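Next up, input15.cif (mmCIF, N, CA and C atoms):
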data_target
loop_
_atom_site.group_PDB
_atom_site.id
_atom_site.type_symbol
_atom_site.label_atom_id
_atom_site.label_comp_id
_atom_site.auth_asym_id
_atom_site.auth_seq_id
_atom_site.Cartn_x
_atom_site.Cartn_y
_atom_site.Cartn_z
ATOM 1 N N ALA A 1 41.809 142.532 104.106
ATOM 2 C CA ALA A 1 42.249 141.124 104.036
ATOM 3 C C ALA A 1 43.778 141.047 104.037
ATOM 4 N N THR A 2 44.346 139.858 104.288
ATOM 5 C CA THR A 2 45.809 139.599 104.324
ATOM 6 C C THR A 2 46.187 138.323 103.550
ATOM 7 N N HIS A 3 45.529 138.137 102.401
ATOM 8 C CA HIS A 3 45.583 136.981 101.493
ATOM 9 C C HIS A 3 46.413 137.278 100.229
ATOM 10 N N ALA A 4 47.359 136.386 99.916
ATOM 11 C CA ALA A 4 48.298 136.508 98.791
ATOM 12 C C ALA A 4 48.738 135.160 98.164
ATOM 13 N N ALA A 5 48.142 134.032 98.570
ATOM 14 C CA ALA A 5 48.366 132.716 97.964
ATOM 15 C C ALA A 5 47.816 132.612 96.525
ATOM 16 N N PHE A 6 48.348 131.661 95.749
ATOM 17 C CA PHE A 6 47.953 131.402 94.354
ATOM 18 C C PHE A 6 48.129 129.938 93.899
ATOM 19 N N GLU A 7 48.700 129.072 94.745
ATOM 20 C CA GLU A 7 49.109 127.676 94.502
ATOM 21 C C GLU A 7 50.149 127.517 93.371
ATOM 22 N N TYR A 8 49.749 127.811 92.129
ATOM 23 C CA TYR A 8 50.575 127.747 90.916
ATOM 24 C C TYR A 8 50.400 128.948 89.966
ATOM 25 N N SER A 9 49.381 129.793 90.160
ATOM 26 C CA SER A 9 48.989 130.822 89.185
ATOM 27 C C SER A 9 49.878 132.075 89.255
ATOM 28 N N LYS A 10 50.672 132.334 88.203
ATOM 29 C CA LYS A 10 51.497 133.559 88.045
ATOM 30 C C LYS A 10 51.399 134.221 86.659
ATOM 31 N N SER A 11 50.895 133.498 85.654
ATOM 32 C CA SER A 11 50.768 133.914 84.246
ATOM 33 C C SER A 11 49.524 133.308 83.570
ATOM 34 N N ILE A 12 49.073 133.909 82.463
ATOM 35 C CA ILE A 12 47.857 133.497 81.731
ATOM 36 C C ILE A 12 47.988 132.119 81.052
ATOM 37 N N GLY A 13 46.849 131.525 80.683
ATOM 38 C CA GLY A 13 46.727 130.152 80.183
ATOM 39 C C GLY A 13 47.024 129.989 78.687
ATOM 40 N N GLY A 14 46.145 129.274 77.984
ATOM 41 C CA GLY A 14 46.323 128.853 76.591
ATOM 42 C C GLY A 14 46.945 127.456 76.454
ATOM 43 N N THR A 15 46.698 126.798 75.317
ATOM 44 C CA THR A 15 47.102 125.411 75.025
ATOM 45 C C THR A 15 47.531 125.203 73.558
ATOM 46 N N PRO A 16 48.360 124.178 73.258
ATOM 47 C CA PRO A 16 48.719 123.786 71.890
ATOM 48 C C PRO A 16 47.502 123.523 70.993
ATOM 49 N N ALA A 17 47.600 123.897 69.715
ATOM 50 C CA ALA A 17 46.452 123.956 68.805
ATOM 51 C C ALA A 17 46.045 122.586 68.223
ATOM 52 N N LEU A 18 47.023 121.766 67.817
ATOM 53 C CA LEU A 18 46.830 120.433 67.225
ATOM 54 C C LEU A 18 47.839 119.390 67.747
ATOM 55 N N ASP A 19 49.091 119.771 68.015
ATOM 56 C CA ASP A 19 50.145 118.865 68.497
ATOM 57 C C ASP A 19 51.019 119.536 69.568
ATOM 58 N N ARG A 20 51.129 118.895 70.738
ATOM 59 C CA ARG A 20 51.890 119.401 71.892
ATOM 60 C C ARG A 20 53.411 119.379 71.706
ATOM 61 N N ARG A 21 53.932 118.593 70.756
ATOM 62 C CA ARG A 21 55.376 118.466 70.466
ATOM 63 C C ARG A 21 55.743 118.971 69.067
ATOM 64 N N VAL A 22 57.018 119.287 68.848
ATOM 65 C CA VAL A 22 57.548 119.837 67.585
ATOM 66 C C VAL A 22 58.605 118.919 66.955
ATOM 67 N N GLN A 23 58.681 118.892 65.620
ATOM 68 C CA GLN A 23 59.514 117.942 64.871
ATOM 69 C C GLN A 23 61.006 118.311 64.783
ATOM 70 N N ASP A 24 61.866 117.295 64.841
ATOM 71 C CA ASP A 24 63.263 117.331 64.394
ATOM 72 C C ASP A 24 63.359 116.916 62.917
ATOM 73 N N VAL A 25 64.111 117.673 62.113
ATOM 74 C CA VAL A 25 64.140 117.530 60.642
ATOM 75 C C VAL A 25 65.568 117.564 60.077
ATOM 76 N N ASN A 26 66.446 118.446 60.571
ATOM 77 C CA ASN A 26 67.816 118.618 60.054
ATOM 78 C C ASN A 26 68.813 119.124 61.118
ATOM 79 N N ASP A 27 68.458 120.204 61.821
ATOM 80 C CA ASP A 27 69.226 120.944 62.845
ATOM 81 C C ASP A 27 70.624 121.492 62.455
ATOM 82 N N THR A 28 71.498 120.687 61.844
ATOM 83 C CA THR A 28 72.892 121.030 61.472
ATOM 84 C C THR A 28 73.432 120.200 60.281
ATOM 85 N N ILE A 29 72.573 119.447 59.575
ATOM 86 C CA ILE A 29 72.998 118.500 58.530
ATOM 87 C C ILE A 29 73.051 119.193 57.156
ATOM 88 N N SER A 30 74.227 119.702 56.791
ATOM 89 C CA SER A 30 74.559 120.159 55.431
ATOM 90 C C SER A 30 75.548 119.161 54.824
ATOM 91 N N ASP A 31 75.036 118.155 54.107
ATOM 92 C CA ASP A 31 75.728 116.874 53.868
ATOM 93 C C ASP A 31 77.127 117.012 53.242
ATOM 94 N N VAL A 32 77.282 117.880 52.235
ATOM 95 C CA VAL A 32 78.572 118.125 51.557
ATOM 96 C C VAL A 32 79.620 118.679 52.524
ATOM 97 N N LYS A 33 79.180 119.503 53.483
ATOM 98 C CA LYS A 33 80.000 120.190 54.496
ATOM 99 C C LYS A 33 80.224 119.348 55.766
ATOM 100 N N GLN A 34 79.481 118.249 55.915
ATOM 101 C CA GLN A 34 79.572 117.304 57.036
ATOM 102 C C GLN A 34 80.329 116.007 56.683
ATOM 103 N N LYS A 35 80.676 115.787 55.408
ATOM 104 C CA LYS A 35 81.445 114.607 54.944
ATOM 105 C C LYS A 35 82.901 114.617 55.433
ATOM 106 N N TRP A 36 83.440 115.809 55.705
ATOM 107 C CA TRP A 36 84.865 116.160 55.767
ATOM 108 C C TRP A 36 85.501 116.177 54.365
ATOM 109 N N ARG A 37 86.314 117.201 54.065
ATOM 110 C CA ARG A 37 86.891 117.473 52.730
ATOM 111 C C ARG A 37 88.344 117.943 52.846
ATOM 112 N N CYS A 38 89.151 117.648 51.826
ATOM 113 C CA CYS A 38 90.501 118.186 51.644
ATOM 114 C C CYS A 38 90.586 119.077 50.393
ATOM 115 N N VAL A 39 91.490 120.061 50.392
ATOM 116 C CA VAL A 39 91.719 121.019 49.301
ATOM 117 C C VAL A 39 93.209 121.363 49.183
ATOM 118 N N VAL A 40 93.590 121.921 48.036
ATOM 119 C CA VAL A 40 94.981 122.283 47.699
ATOM 120 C C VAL A 40 95.290 123.740 48.050
ATOM 121 N N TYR A 41 96.103 123.946 49.086
ATOM 122 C CA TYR A 41 96.648 125.251 49.472
ATOM 123 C C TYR A 41 97.802 125.668 48.546
ATOM 124 N N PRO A 42 97.918 126.959 48.169
ATOM 125 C CA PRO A 42 98.976 127.420 47.274
ATOM 126 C C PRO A 42 100.374 127.079 47.806
ATOM 127 N N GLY A 43 101.261 126.662 46.901
ATOM 128 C CA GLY A 43 102.472 125.904 47.234
ATOM 129 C C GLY A 43 102.290 124.382 47.136
ATOM 130 N N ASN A 44 101.062 123.922 46.876
ATOM 131 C CA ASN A 44 100.640 122.521 46.788
ATOM 132 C C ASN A 44 100.946 121.718 48.064
ATOM 133 N N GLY A 45 100.560 122.321 49.182
ATOM 134 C CA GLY A 45 100.329 121.665 50.463
ATOM 135 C C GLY A 45 98.836 121.387 50.605
ATOM 136 N N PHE A 46 98.479 120.161 50.950
ATOM 137 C CA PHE A 46 97.083 119.730 51.059
ATOM 138 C C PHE A 46 96.580 119.939 52.490
ATOM 139 N N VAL A 47 95.337 120.392 52.662
ATOM 140 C CA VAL A 47 94.752 120.777 53.967
ATOM 141 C C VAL A 47 93.297 120.309 54.107
ATOM 142 N N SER A 48 92.831 120.076 55.342
ATOM 143 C CA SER A 48 91.526 119.451 55.650
ATOM 144 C C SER A 48 90.567 120.359 56.437
ATOM 145 N N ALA A 49 89.264 120.251 56.147
ATOM 146 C CA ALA A 49 88.194 121.088 56.699
ATOM 147 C C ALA A 49 86.839 120.357 56.870
ATOM 148 N N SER A 50 85.896 121.030 57.531
ATOM 149 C CA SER A 50 84.461 120.722 57.600
ATOM 150 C C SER A 50 83.635 122.000 57.746
ATOM 151 N N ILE A 51 82.329 121.848 57.975
ATOM 152 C CA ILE A 51 81.429 122.954 58.301
ATOM 153 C C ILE A 51 81.857 123.739 59.555
ATOM 154 N N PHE A 52 82.519 123.055 60.494
ATOM 155 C CA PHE A 52 82.932 123.633 61.777
ATOM 156 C C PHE A 52 84.291 124.357 61.746
ATOM 157 N N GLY A 53 85.127 124.153 60.720
ATOM 158 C CA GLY A 53 86.420 124.831 60.589
ATOM 159 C C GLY A 53 87.495 124.012 59.877
ATOM 160 N N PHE A 54 88.759 124.269 60.221
ATOM 161 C CA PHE A 54 89.937 123.653 59.598
ATOM 162 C C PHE A 54 90.769 122.861 60.616
ATOM 163 N N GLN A 55 91.433 121.787 60.180
ATOM 164 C CA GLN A 55 92.383 121.053 61.030
ATOM 165 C C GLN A 55 93.622 121.917 61.313
ATOM 166 N N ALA A 56 94.043 122.006 62.577
ATOM 167 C CA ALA A 56 95.097 122.927 63.020
ATOM 168 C C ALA A 56 96.202 122.226 63.825
ATOM 169 N N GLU A 57 97.450 122.673 63.664
ATOM 170 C CA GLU A 57 98.635 122.118 64.328
ATOM 171 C C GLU A 57 99.456 123.214 65.023
ATOM 172 N N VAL A 58 99.636 123.083 66.339
ATOM 173 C CA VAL A 58 100.544 123.877 67.139
ATOM 174 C C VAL A 58 101.995 123.425 66.942
ATOM 175 N N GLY A 59 102.862 124.374 66.589
ATOM 176 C CA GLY A 59 104.311 124.172 66.474
ATOM 177 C C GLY A 59 105.047 124.395 67.808
ATOM 178 N N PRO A 60 106.186 123.719 68.066
ATOM 179 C CA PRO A 60 106.821 123.670 69.392
ATOM 180 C C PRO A 60 107.446 124.993 69.874
ATOM 181 N N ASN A 61 107.600 125.998 69.001
ATOM 182 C CA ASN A 61 107.885 127.389 69.390
ATOM 183 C C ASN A 61 106.623 128.160 69.863
ATOM 184 N N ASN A 62 105.543 127.427 70.157
ATOM 185 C CA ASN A 62 104.188 127.905 70.445
ATOM 186 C C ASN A 62 103.640 128.822 69.337
ATOM 187 N N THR A 63 103.861 128.400 68.091
ATOM 188 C CA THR A 63 103.221 128.917 66.870
ATOM 189 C C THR A 63 102.010 128.055 66.508
ATOM 190 N N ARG A 64 101.231 128.451 65.495
ATOM 191 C CA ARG A 64 100.132 127.629 64.962
ATOM 192 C C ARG A 64 99.971 127.759 63.449
ATOM 193 N N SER A 65 99.592 126.651 62.823
ATOM 194 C CA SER A 65 99.366 126.532 61.375
ATOM 195 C C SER A 65 98.099 125.733 61.059
ATOM 196 N N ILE A 66 97.572 125.866 59.836
ATOM 197 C CA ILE A 66 96.682 124.843 59.261
ATOM 198 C C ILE A 66 97.485 123.543 59.105
ATOM 199 N N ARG A 67 96.907 122.412 59.531
ATOM 200 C CA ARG A 67 97.501 121.076 59.402
ATOM 201 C C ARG A 67 97.605 120.699 57.924
ATOM 202 N N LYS A 68 98.833 120.399 57.499
ATOM 203 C CA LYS A 68 99.245 120.279 56.095
ATOM 204 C C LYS A 68 99.792 118.884 55.782
ATOM 205 N N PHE A 69 99.614 118.437 54.542
ATOM 206 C CA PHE A 69 100.016 117.121 54.029
ATOM 207 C C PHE A 69 100.690 117.255 52.657
ATOM 208 N N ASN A 70 101.489 116.261 52.253
ATOM 209 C CA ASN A 70 102.218 116.303 50.980
ATOM 210 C C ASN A 70 101.380 115.852 49.770
ATOM 211 N N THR A 71 100.324 115.058 49.985
ATOM 212 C CA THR A 71 99.358 114.616 48.958
ATOM 213 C C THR A 71 97.917 114.744 49.446
ATOM 214 N N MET A 72 96.972 114.836 48.505
ATOM 215 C CA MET A 72 95.538 114.773 48.808
ATOM 216 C C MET A 72 95.193 113.449 49.508
ATOM 217 N N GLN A 73 95.914 112.377 49.172
ATOM 218 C CA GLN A 73 95.646 111.032 49.692
ATOM 219 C C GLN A 73 96.080 110.876 51.158
ATOM 220 N N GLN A 74 97.191 111.511 51.564
ATOM 221 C CA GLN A 74 97.587 111.643 52.973
ATOM 222 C C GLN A 74 96.570 112.470 53.773
ATOM 223 N N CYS A 75 96.039 113.547 53.177
ATOM 224 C CA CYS A 75 95.033 114.412 53.794
ATOM 225 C C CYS A 75 93.714 113.658 54.033
ATOM 226 N N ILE A 76 93.246 112.920 53.021
ATOM 227 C CA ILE A 76 92.015 112.118 53.083
ATOM 228 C C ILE A 76 92.148 110.993 54.116
ATOM 229 N N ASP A 77 93.269 110.259 54.118
ATOM 230 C CA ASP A 77 93.477 109.131 55.037
ATOM 231 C C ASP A 77 93.658 109.594 56.491
ATOM 232 N N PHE A 78 94.357 110.710 56.724
ATOM 233 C CA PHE A 78 94.475 111.293 58.067
ATOM 234 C C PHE A 78 93.113 111.776 58.577
ATOM 235 N N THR A 79 92.328 112.433 57.718
ATOM 236 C CA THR A 79 90.959 112.880 58.036
ATOM 237 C C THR A 79 90.022 111.708 58.365
ATOM 238 N N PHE A 80 90.221 110.550 57.724
ATOM 239 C CA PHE A 80 89.526 109.291 58.024
ATOM 240 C C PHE A 80 90.028 108.584 59.298
ATOM 241 N N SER A 81 91.229 108.914 59.754
ATOM 242 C CA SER A 81 91.903 108.343 60.936
ATOM 243 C C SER A 81 91.485 109.039 62.243
ATOM 244 N N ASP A 82 90.181 109.282 62.414
ATOM 245 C CA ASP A 82 89.632 110.139 63.480
ATOM 246 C C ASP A 82 89.901 109.654 64.918
ATOM 247 N N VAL A 83 90.344 108.403 65.070
ATOM 248 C CA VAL A 83 90.836 107.777 66.316
ATOM 249 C C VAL A 83 91.946 108.607 66.989
ATOM 250 N N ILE A 84 92.660 109.434 66.220
ATOM 251 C CA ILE A 84 93.681 110.383 66.696
ATOM 252 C C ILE A 84 93.103 111.462 67.645
ATOM 253 N N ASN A 85 91.784 111.720 67.631
ATOM 254 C CA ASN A 85 91.129 112.905 68.216
ATOM 255 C C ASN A 85 91.749 114.210 67.688
ATOM 256 N N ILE A 86 91.322 114.592 66.484
ATOM 257 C CA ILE A 86 91.972 115.624 65.668
ATOM 258 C C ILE A 86 91.516 117.032 66.087
ATOM 259 N N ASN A 87 92.476 117.926 66.325
ATOM 260 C CA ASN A 87 92.239 119.337 66.639
ATOM 261 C C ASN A 87 91.750 120.119 65.409
ATOM 262 N N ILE A 88 90.614 120.816 65.550
ATOM 263 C CA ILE A 88 90.140 121.835 64.598
ATOM 264 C C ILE A 88 90.086 123.227 65.240
ATOM 265 N N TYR A 89 90.217 124.270 64.423
ATOM 266 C CA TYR A 89 90.181 125.684 64.817
ATOM 267 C C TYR A 89 89.133 126.436 63.982
ATOM 268 N N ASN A 90 88.500 127.456 64.565
ATOM 269 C CA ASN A 90 87.354 128.124 63.955
ATOM 270 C C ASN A 90 87.842 129.123 62.882
ATOM 271 N N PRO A 91 87.181 129.220 61.713
ATOM 272 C CA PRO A 91 87.661 130.061 60.622
ATOM 273 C C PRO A 91 87.386 131.539 60.923
ATOM 274 N N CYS A 92 88.419 132.378 60.830
ATOM 275 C CA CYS A 92 88.374 133.841 60.962
ATOM 276 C C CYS A 92 87.618 134.306 62.221
ATOM 277 N N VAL A 93 88.313 134.238 63.361
ATOM 278 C CA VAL A 93 87.789 134.424 64.723
ATOM 279 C C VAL A 93 88.537 135.572 65.430
ATOM 280 N N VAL A 94 88.133 135.954 66.647
ATOM 281 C CA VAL A 94 88.646 137.130 67.389
ATOM 282 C C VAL A 94 90.187 137.282 67.376
ATOM 283 N N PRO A 95 91.015 136.253 67.668
ATOM 284 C CA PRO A 95 92.455 136.315 67.398
ATOM 285 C C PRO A 95 92.747 136.336 65.890
ATOM 286 N N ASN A 96 93.371 137.429 65.453
ATOM 287 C CA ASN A 96 93.572 137.781 64.052
ATOM 288 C C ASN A 96 94.723 136.999 63.387
ATOM 289 N N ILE A 97 94.337 136.078 62.508
ATOM 290 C CA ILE A 97 95.215 135.331 61.586
ATOM 291 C C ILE A 97 95.368 136.109 60.258
ATOM 292 N N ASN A 98 96.405 135.805 59.467
ATOM 293 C CA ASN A 98 96.672 136.399 58.148
ATOM 294 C C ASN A 98 95.442 136.416 57.217
ATOM 295 N N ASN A 99 95.159 137.577 56.618
ATOM 296 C CA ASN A 99 93.969 137.788 55.790
ATOM 297 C C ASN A 99 93.929 136.896 54.532
ATOM 298 N N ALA A 100 95.078 136.515 53.964
ATOM 299 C CA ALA A 100 95.152 135.663 52.778
ATOM 300 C C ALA A 100 94.790 134.194 53.069
ATOM 301 N N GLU A 101 95.042 133.724 54.296
ATOM 302 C CA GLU A 101 94.629 132.392 54.757
ATOM 303 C C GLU A 101 93.118 132.370 55.052
ATOM 304 N N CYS A 102 92.587 133.458 55.616
ATOM 305 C CA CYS A 102 91.147 133.673 55.735
ATOM 306 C C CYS A 102 90.439 133.781 54.377
ATOM 307 N N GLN A 103 91.021 134.461 53.388
ATOM 308 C CA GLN A 103 90.423 134.609 52.058
ATOM 309 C C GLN A 103 90.452 133.294 51.266
ATOM 310 N N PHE A 104 91.444 132.428 51.501
ATOM 311 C CA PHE A 104 91.402 131.029 51.049
ATOM 312 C C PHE A 104 90.198 130.283 51.659
ATOM 313 N N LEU A 105 89.959 130.426 52.969
ATOM 314 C CA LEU A 105 88.834 129.781 53.656
ATOM 315 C C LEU A 105 87.487 130.309 53.134
ATOM 316 N N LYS A 106 87.331 131.629 52.971
ATOM 317 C CA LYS A 106 86.132 132.232 52.338
ATOM 318 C C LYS A 106 85.939 131.778 50.875
ATOM 319 N N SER A 107 87.015 131.394 50.183
ATOM 320 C CA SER A 107 86.987 130.828 48.820
ATOM 321 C C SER A 107 86.713 129.311 48.775
ATOM 322 N N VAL A 108 86.707 128.618 49.924
ATOM 323 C CA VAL A 108 86.461 127.163 50.045
ATOM 324 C C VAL A 108 85.140 126.805 50.756
ATOM 325 N N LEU A 109 84.677 127.613 51.720
ATOM 326 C CA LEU A 109 83.537 127.317 52.617
ATOM 327 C C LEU A 109 82.146 127.444 51.971
#
Encoded form (structure tokens):
Amino acid sequence: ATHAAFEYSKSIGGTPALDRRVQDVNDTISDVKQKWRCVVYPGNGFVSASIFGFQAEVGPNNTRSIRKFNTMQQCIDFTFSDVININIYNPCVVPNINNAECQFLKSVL
């Protein structure tokens, strides 16, 4: 014979047991970590974070820092001012930042 058609058949059957669809319940909602938060960096510069990382500022010599404020209230109000489209950076990632700034983040997250 010279027959090799199958229409749709390439793998075995089987069917869902009671419900064909699966539930959404949380996915990424850790409420305390999703509120946005500010904390006191040593030297009493205030800084902002979430579950996704820290607010970051590029300096004009093409340097980078954690975005810093003079009061907790400036930090909270800037974090609420999200219309700015605020830059965040990922905590302790492939480009190596100072270990003491990472150990502050491990002490806050």
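The coordinates place CA of residue 55 in chain A at 13.4 Å from atom N of residue 83 in chain A.
In the backbone-derived DSSP annotation, strand (DSSP E) within chain A comprises residues 37, 38, 39, 40, 41, 45, 46, 47, 48, 49, 50, 53, 54, 55, 56, 57, 58, 59, 63, 64, 65, 66, 68, 69, 88 and 89 of chain A.
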What gap, in Å, lies between atom C of residue 76 in chain A and atom N of residue 36 in chain A?
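Answer for the atom C of residue 76 in chain A to atom N of residue 36 in chain A separation: 10.1 Å.
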Computed interatomic separation between CA of residue 68 in chain A and atom N of residue 47 in chain A (Å):
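A separation of 5.2 Å between them.
Proximity ranking of A:66, A:75, A:18, A:84 relative to residue 97 in chain A places A:66 first, based on only C-alpha atoms.
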Evaluate the PyMOL selection byres ((chain A and resi 52) around 6.5) and report residues as an NGL selection string:
:A and (33 or 49-51 or 53-54 or 89-91)
